[PDB]
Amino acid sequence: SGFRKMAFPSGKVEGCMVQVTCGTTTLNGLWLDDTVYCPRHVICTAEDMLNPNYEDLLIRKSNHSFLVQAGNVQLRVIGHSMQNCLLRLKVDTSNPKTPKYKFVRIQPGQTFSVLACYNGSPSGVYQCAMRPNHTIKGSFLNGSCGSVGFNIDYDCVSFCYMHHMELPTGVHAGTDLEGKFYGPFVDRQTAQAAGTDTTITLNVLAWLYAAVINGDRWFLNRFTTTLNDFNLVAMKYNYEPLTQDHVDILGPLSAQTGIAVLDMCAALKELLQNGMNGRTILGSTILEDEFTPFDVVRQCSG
């Protein structure tokens, strides 16, 4: 019983974190086998970040311009290259703590754990969702760039995020481990802003299922809805349009609880229309949208 915003254990990713310094800029890197990955903006001067040309700035560097350290120990760089918005630094030794891993690009509305680091050392782990607008509502101070987001399946780490930038609203933007940004963001100082965001409807439904599994049914009702009629209501409350694919994803939780997907959508419609009337669900006074169906199934009893 209970239901907590739970992160994946961070040990497999802790053993991959290093520090990368170029000039007077330090941030975090990820050391897998003989390669260190970090944000390419590490090469940028006080100025350069206004209109950087990364090809022109990089060709001006050698291997020995980069100081990579694991703890207090320097790792010599024997090669480098840029891949989109990441630098890939080859070092002269391998990381024996490299876990089994994949690089994956996640979809908006999916969750992952972030290991926040400063100067190559971990400070904390937390769980978040990639917003529909491709930002994350993170907790990051100056020096956190290069910190990574990941999920773990058995003993395989799927890295999905590397932190690059804070936007004017104090939300966060970053890239996958191929260096491609999530969202329309760029690694320079511009006027760029987070786009419109929506509530992740599929996650809110999953979480209402969590609440039923855990014993609570106060918010249920005698009604059903069509998908169309549900969307006609939810979209007025800034919720992401619900599709049949999303309905099908909720099948397992529906079967576990005996509550048809559309009947749970009818409960959600009523909660949106009437509010929560001072009541809580899974201890919350608000509808939570940062747990996916898979997160609920992983955490709750069968």
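Don't overthink the numbering: it's just position in the shown sequence, from 1. In this text, rigid core is short for the largest set of C-alphas that superpose within 1.5 Å between two forms.
Choosing between 32-40 and 232-240, the greater Cα displacement from the shown form in 8 other deposited structures of this protein, fitted by the core, goes with 232-240. In summary, of the stretches 68-76 and 146-154, 68-76 shows the greater Cα distance from the shown form in 8 other deposited structures of this protein, with structures fitted on the rigid core. Taking the mean C-alpha B-factor of each stretch as recorded, 42-50 and 29-37 are not equal, and the higher mean is that of 42-50. On average the C-alpha atoms of 135-143 have higher B-factors than those of the other stretch, with 200-208 and 135-143 being the two compared. Residue 183: CA B factor in the lowest third of modelled residues in this chain (values from the PDB entry).
In the deposited entry, the Cα temperature factor of residue 154 places it in the highest third of its chain's modelled residues. When all modelled residues of the chain are sorted by CA temperature factor, residue 17 is found within the lowest third. Compared with the other modelled residues of the chain, the Cα B-factor recorded for residue 24 ranks in the highest third. Among all modelled residues in this chain, the alpha-carbon of residue 255 has a temperature factor (C-alpha) in the highest third.
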